[PDB]
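Data from input36.txt: compact mmCIF, C-alpha atoms
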# COMPACT_ATOMS: atom_id res chain seq x y z
CA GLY A 1 0.00 0.00 0.00
CA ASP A 2 2.87 2.37 0.72
CA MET A 3 4.26 1.92 -2.80
CA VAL A 4 0.84 2.69 -4.29
CA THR A 5 0.61 5.76 -2.04
CA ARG A 6 3.99 6.97 -3.29
CA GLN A 7 3.03 6.27 -6.92
CA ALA A 8 -0.35 8.04 -6.62
CA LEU A 9 1.23 11.52 -6.53
CA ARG A 10 0.13 12.11 -10.13
CA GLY A 11 -3.21 10.36 -9.59
CA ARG A 12 -3.26 8.66 -13.01
CA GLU A 13 -2.25 5.19 -11.76
CA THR A 14 -4.67 5.13 -8.79
CA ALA A 15 -7.35 3.43 -10.90
CA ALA A 16 -4.79 0.76 -11.78
CA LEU A 17 -4.13 0.48 -8.04
CA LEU A 18 -7.86 -0.16 -7.62
CA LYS A 19 -7.42 -3.01 -10.10
CA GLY A 20 -4.65 -4.23 -7.82
CA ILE A 21 -7.18 -3.97 -5.00
CA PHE A 22 -9.39 -6.17 -7.16
CA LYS A 23 -6.39 -8.50 -7.41
CA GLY A 24 -6.41 -8.35 -3.62
CA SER A 25 -10.17 -8.88 -3.53
CA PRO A 26 -10.31 -12.17 -5.54
CA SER A 27 -5.26 -11.34 3.13
CA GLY A 28 -7.38 -9.50 0.58
CA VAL A 29 -9.68 -7.88 3.15
CA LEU A 30 -6.81 -6.53 5.27
CA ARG A 31 -4.98 -5.13 2.23
CA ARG A 32 -8.19 -3.51 0.95
CA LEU A 33 -8.87 -1.98 4.38
CA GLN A 34 -5.33 -0.61 4.63
CA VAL A 35 -5.56 0.83 1.10
CA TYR A 36 -8.91 2.44 1.96
CA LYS A 37 -7.50 3.98 5.16
CA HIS A 38 -4.47 5.36 3.32
CA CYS A 39 -6.71 6.75 0.56
CA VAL A 40 -8.85 8.46 3.20
CA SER A 41 -5.68 9.95 4.72
CA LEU A 42 -4.48 11.13 1.30
CA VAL A 43 -7.84 12.77 0.56
CA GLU A 44 -7.69 14.37 4.02
CA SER A 45 -4.31 15.83 3.03
CA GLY A 46 -6.09 17.81 0.30
CA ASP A 47 -3.11 17.98 -2.08
CA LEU A 48 -5.00 16.14 -4.83
CA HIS A 49 -7.19 18.10 -7.22
CA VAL A 50 -10.97 18.26 -6.87
CA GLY A 51 -11.66 16.04 -9.87
CA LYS A 52 -9.18 13.33 -8.89
CA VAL A 53 -10.49 13.24 -5.31
CA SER A 54 -14.10 13.10 -6.53
CA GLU A 55 -13.34 10.25 -8.94
CA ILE A 56 -11.41 8.34 -6.26
CA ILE A 57 -14.26 8.76 -3.77
CA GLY A 58 -16.79 7.60 -6.36
CA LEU A 59 -14.72 4.51 -7.18
CA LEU A 60 -14.26 3.73 -3.48
CA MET A 61 -18.00 4.08 -2.85
CA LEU A 62 -18.77 1.80 -5.81
CA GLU A 63 -16.25 -0.81 -4.65
CA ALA A 64 -17.33 -0.70 -0.99
CA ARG A 65 -20.56 -2.59 -1.77
CA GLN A 66 -18.76 -5.93 -2.16
CA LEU A 67 -16.62 -5.60 0.98
CA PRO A 68 -17.53 -7.78 3.99
CA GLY A 69 -19.07 -6.67 7.27
CA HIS A 70 -15.86 -6.77 9.31
CA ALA A 71 -13.92 -4.49 6.95
CA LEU A 72 -16.85 -2.07 6.79
CA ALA A 73 -17.05 -1.97 10.59
CA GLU A 74 -13.29 -1.37 10.84
CA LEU A 75 -13.51 1.45 8.29
CA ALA A 76 -16.44 2.98 10.19
CA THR A 77 -14.49 2.87 13.46
CA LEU A 78 -11.47 4.45 11.75
CA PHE A 79 -13.69 7.21 10.34
CA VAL A 80 -15.15 7.84 13.80
CA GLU A 81 -11.62 8.03 15.20
CA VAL A 82 -10.63 10.52 12.49
CA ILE A 83 -13.73 12.59 13.26
CA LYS A 84 -12.76 12.58 16.94
CA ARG A 85 -9.28 13.73 15.92
CA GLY A 86 -10.92 16.51 13.89
CA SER A 87 -8.45 16.48 10.97
CA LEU A 88 -11.15 16.50 8.25
CA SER A 89 -11.43 19.48 5.88
CA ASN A 90 -13.45 18.13 2.93
CA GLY A 91 -16.85 16.61 2.23
CA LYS A 92 -15.44 13.66 0.29
CA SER A 93 -14.80 11.83 3.57
CA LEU A 94 -18.36 12.69 4.60
CA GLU A 95 -19.70 11.23 1.35
CA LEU A 96 -17.62 8.07 1.80
CA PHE A 97 -18.87 7.66 5.37
CA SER A 98 -22.44 8.21 4.17
CA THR A 99 -22.04 5.49 1.53
CA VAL A 100 -20.53 3.11 4.09
CA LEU A 101 -23.41 3.77 6.49
CA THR A 102 -25.91 3.24 3.66
CA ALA A 103 -24.27 -0.14 3.02
CA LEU A 104 -24.87 -0.94 6.71
CA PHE A 105 -24.54 -2.34 15.11
CA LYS A 106 -25.57 0.78 13.17
CA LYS A 107 -27.77 2.00 16.03
CA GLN A 108 -24.86 1.61 18.46
CA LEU A 109 -22.61 3.43 15.98
CA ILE A 110 -24.88 6.47 15.74
CA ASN A 111 -25.43 6.42 19.51
CA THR A 112 -21.67 6.49 20.10
CA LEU A 113 -21.40 9.32 17.57
CA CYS A 114 -24.13 11.20 19.47
CA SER A 115 -22.31 10.78 22.79
CA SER A 116 -19.15 12.28 21.26
CA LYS A 117 -18.38 16.01 21.20
CA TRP A 118 -18.42 17.77 17.83
CA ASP A 119 -15.48 19.79 16.49
CA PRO A 120 -16.28 23.45 15.63
CA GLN A 121 -15.81 24.52 11.99
CA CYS A 122 -16.93 20.99 10.93
CA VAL A 123 -20.57 21.12 12.10
CA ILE A 124 -21.78 21.94 8.58
CA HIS A 125 -20.00 18.87 7.18
CA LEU A 126 -21.50 16.71 9.93
CA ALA A 127 -24.95 18.04 9.01
CA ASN A 128 -24.21 17.27 5.35
CA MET A 129 -23.32 13.69 6.29
CA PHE A 130 -26.43 13.37 8.46
CA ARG A 131 -28.78 14.54 5.71
CA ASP A 132 -26.92 12.13 3.42
CA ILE A 133 -27.97 9.22 5.68
CA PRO A 134 -31.09 9.88 7.79
CA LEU A 135 -31.19 8.74 11.41
CA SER A 136 -33.95 7.27 13.58
CA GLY A 137 -36.67 9.09 15.51
CA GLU A 138 -34.90 9.00 18.89
CA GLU A 139 -31.34 9.53 17.67
CA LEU A 140 -32.39 12.52 15.56
CA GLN A 141 -33.97 14.17 18.61
Encoding of this model in structure tokens:
Amino acid sequence: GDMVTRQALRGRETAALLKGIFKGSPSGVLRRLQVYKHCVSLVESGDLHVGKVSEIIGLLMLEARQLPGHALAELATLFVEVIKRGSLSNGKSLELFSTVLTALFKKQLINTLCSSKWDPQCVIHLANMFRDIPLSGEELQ
């Protein structure tokens, strides 16, 4: 994954890396999860252009449907940890988290999110994510 991260400076080969992820998919789950976490970190860096980040997020959302429950839960926990760290400055991570939540312990996940303290200057992005995936009657209150 580190080599792919180094090679994805231009952003042209990242799609080929996704094919490599497919080569991982058909050991595979852990490599895919690590690649997803590193891609989330790279998008959080913000160095990549808007179009490349949008295409990468779309491809990741499309590919996340086939992933198993354990990898999805691990990615959700990592996203919650990143939100607690408050190092997010783009809505692409919010869209990815919304897609992961839509794929679907979900009630416990949103309850734990509710118990947490929000980071100022990211409340609008949290609201964007919440309208992306609606909550229940009691959690929304």
request  = Compute the distance from (-21.1, 7.1, 20.0) to each atom, counting all atoms listed in the file, keep the residues with any atom at most 12 Å away, and return them as a ChimeraX atom specification; use the coordinates of the file.
outcome  = /A:76-77,80-81,83-84,105-118,139
key: atom CA of residue 119 of chain A to atom CA of residue 79 of chain A, distance in Å rounded to a single decimal   = 14.1 Å
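Of note, atom CA of residue 36 of chain A and atom CA of residue 59 of chain A are spaced 11.0 Å apart.
For the pair atom CA of residue 131 of chain A and atom CA of residue 96 of chain A, the separation is 13.5 Å.
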query = Which of these, A:41, A:121, A:25, A:99, has the shortest distance to residue 66 of chain A once you count all atoms listed in the file?
reply =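 Counting all atoms listed in the file, the residue closest to residue 66 of chain A is A:25.
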Do you know which residues are at most 10 Å from residue 102 of chain A counting all atoms listed in the file, after dropping those on the same chain fewer than 2 positions away, and could you put them as a PDB file with C-alpha atoms, in the coordinates of the input?
ATOM      1  CA  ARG A  65     -20.560  -2.590  -1.770  1.00  0.00           C
ATOM      2  CA  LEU A  96     -17.620   8.070   1.800  1.00  0.00           C
ATOM      3  CA  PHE A  97     -18.870   7.660   5.370  1.00  0.00           C
ATOM      4  CA  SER A  98     -22.440   8.210   4.170  1.00  0.00           C
ATOM      5  CA  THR A  99     -22.040   5.490   1.530  1.00  0.00           C
ATOM      6  CA  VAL A 100     -20.530   3.110   4.090  1.00  0.00           C
ATOM      7  CA  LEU A 104     -24.870  -0.940   6.710  1.00  0.00           C
ATOM      8  CA  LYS A 106     -25.570   0.780  13.170  1.00  0.00           C
ATOM      9  CA  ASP A 132     -26.920  12.130   3.420  1.00  0.00           C
ATOM     10  CA  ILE A 133     -27.970   9.220   5.680  1.00  0.00           C
ATOM     11  CA  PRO A 134     -31.090   9.880   7.790  1.00  0.00           C
TER      12      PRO A 134
END
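Excluding residue 94 of chain A itself and any same-chain residue fewer than 3 positions from it, the protein and nucleic acid residues within 8 Å of it, counting all atoms listed in the file, are residues 90, 91, 97, 98, 125, 126, 128 and 129 of chain A.
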query = Which residue gives the smallest distance to residue 19 of chain A among A:103, A:50, A:60, A:68, with all atoms listed in the file counted?
reply = A:60
ask   = Which neighbours of residue 10 of chain A fall inside 10 Å, counting only C-alpha atoms, when residues of the same chain fewer than 6 positions from it are skipped, and could you give them as number ranges by chain?
value = A: 48-49, 52
Please produce an output containing C-alpha atoms for each residue in the selection, written as a PDB file, keeping the file's coordinate frame.
ATOM      1  CA  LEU A  48      -5.000  16.140  -4.830  1.00  0.00           C
ATOM      2  CA  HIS A  49      -7.190  18.100  -7.220  1.00  0.00           C
ATOM      3  CA  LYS A  52      -9.180  13.330  -8.890  1.00  0.00           C
TER       4      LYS A  52
END
Selection near residue 92 of chain A, 9 Å with all atoms listed in the file, sequence-local residues under 6 positions removed, as a list in words =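 Once the adjacent positions are removed, what remains is residues 40, 43, 44, 53, 54 and 57 of chain A.
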